[PDB]
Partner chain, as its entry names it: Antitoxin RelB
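Coming up is one lone chain in structure tokens, specifically the form solved without its partner chain.
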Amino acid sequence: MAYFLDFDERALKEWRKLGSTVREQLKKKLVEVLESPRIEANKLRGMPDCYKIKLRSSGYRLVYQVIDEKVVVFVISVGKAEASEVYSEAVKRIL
């Protein structure tokens, strides 16, 4: 089963800002993750169905919500997560 992928406009700004190779790999991660977006190992616990994927390369993280309701995975934020600034979007967006 495959889900759809969507991006927030704030996430898009960061996505297009992101390094080509960095975003490419994150994009590929989104593409592979779609076979099973609800991976417990990527899941953020406490967050309804938000998941984070990190890059092996430069340490970029992407945080998305899997909207089972709409069968679409919506990227809320993308960038870096050591300052937890991407969670500030994620937590406020969920409502």
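Positions refer to the first chain, counted from 1.
Below, we refer to the form deposited with its partner chain bound, which is not included among the displayed structures.
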(message) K70 versus its partner chain, in the deposited bound form: is there a non-hydrogen atom within 4.5 Å?
(response) yes
(message) Residue-level question: is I76 within 4.5 Å of its partner chain in the deposited bound form, judged on heavy atoms?
(response) yes
(request) State yes or no: in the deposited bound form, is some non-hydrogen atom of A11 no more than 4.5 angstroms from a non-hydrogen atom of its partner chain? (result) yes
(request) Although its partner chain is absent from this view, report whether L34 comes within 4.5 Å of it in the deposited bound form, heavy atoms only. (result) yes
